[PDB]
Ligand SMILES: Nc1ncnc2c1ncn2[C@@H]1O[C@H](COP(=O)(O)OP(=O)(O)O)[C@@H](O)[C@H]1O
């Protein structure tokens, strides 16, 4: 007998068609079964098995019926309207170009917005098998975990990396190599997708090889529905218990959000739900009560006390301290800029991010007040006998650095003139020497997160109005957008 | 058997005509297959492959 058949037999099997390989197959095969399992006989010994699973003939039979798909996406993700409209473009386009083409997409946005799920769901539609392949530190494995050569790899994180191009280059990806198994391989039909946050760390080389889609975040309205029609039931069912077991009134869901999550995604939101799904269950087993109704009053009796600040209830207006909306790798954020006055020379030293990008802007809001002075109410003998300190908290992403111009400006003035920025207002805008207010980046996400922390007024660049169009209904409805072109306009509205 | 042929074989192949090179070829080749893949045996190990693809005969007709 001998295991000279256990393998060989299943080798000539229907599986393993291509002969270009079978050569290298029986080759290292008819090798040295002579002798026993020497230190040598353990080596190539295994080389054969990895080789047994790798698909060739196998493959999936794609179904591409948009009428579905597009509205299976609406079964497993709430909003993301625009983001879907673009997943289908990537399919209606697919159908025609019968062979998947180079541009493979990255999903980008704060974590907890659905990137990973969208993928799984892209694939559910295409009826291809799905594989996560984490790149926090090897496709080798990939196929194995799916023994069907028409998959959906999700290069999850390409940006927590310390070059691989080869694997995606439309020209090359066809013929694929890999050490410790050296042999070409065809990846023609392999839907690739990428997750990502800080689009930086991604290698310029790659970012061009790939087409990008931004998932944005969510309006209170959106989150709320996400909770009700997906999040909750999922967690109920997962903590094994009945829909008739536990219900949360809308208002409380809102509260959970406003007061226990300041995220753009809904991860924190899911966790706090589960919190309750849990608490709930222990009742259902002990007390046995077939129902548990968490309300806007109950809330504390489940998830603890309040966790974040919303609105202006707590806050009082301050001096030389403005609240600028900034574009963090993880959504709209509310970094506050401060300025301090100490005797000295016209020199101005700033803290926080070392920022060489900032100084330019800073010493411009600065070089503004230099001019229009008495006109503004401030002792002209100042840049001569004061020393100004500015703090610009880190978070704003490179492109958006200069978007803090009107902010530092506003502060520096409110600081010099003992006035006071209105705690309610969040601002963003680029400054110029003359006092001009130039166009700013991603107003959408900015006002989205400006609403999240519950501000009223949000001063931004005049030349940005055509950007307010796409700002989701719910939030554009709770904000009064003061648009401005020169500092004085900003200053008048943001100071009191 | 040993991989003492997997490479060598395709080396004397029709590909690799010029002898000015084949010297340096079998030279670092008949090297130290002794011993196993030591920290050393990984070095020149590869030097041979880059050398396998290089063109010589293949003169595309213009
Ligand atoms: N719009 C959404 N609708 C439903 N679930 C969502 C949505 N966004 C996030 N989720 C939750 O997250 C999953 C997909 O996103 P997730 O993987 O959590 O964040 P990320 O996409 O950044 O990894 C969903 O299964 C659900 O848990």
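We're sticking with Swiss-Prot numbering for chain A, so the shown stretch reads 246-382, 403-427, 437-770, in order.
Just so you know, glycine gets a Cβ as well, placed from its N, Cα and C.
What Swiss-Prot annotates here:
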type	residues	note
BINDING	A:354, A:355, A:356, A:357, A:358, A:359, A:360, A:361	ATP binding site
ACT_SITE	A:720	active site
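Screening the recorded positions A:354, A:355, A:720 for a C-beta under 6 A from any atom of ligand 1 leaves none. Secondary structure at the residue listed as 'active site', as computed by DSSP, is helix. The binding-site residues in question are A:354, A:356, A:357, A:359, and the one with the fewest Cβ neighbours inside 10 Å is A:356. Taking the Cβ of residue A:361 (ATP binding site) as reference, residues of its chain lying under 8 Å away and at least six apart in sequence are, in sequence order, A:377, A:419, A:421, A:469. Less than 8 angstroms from the CB of residue A:360 (ATP binding site) sit A:352, A:353, A:354, A:469, A:470, A:489, each of them six or more residues away in the same chain.
Cα of residue A:359 (ATP binding site) to Cα of the residue listed as 'active site': a span of 20 Å. Distance from the CA of residue A:357 (ATP binding site) to the CA of the residue listed as 'active site' is 18 Å.
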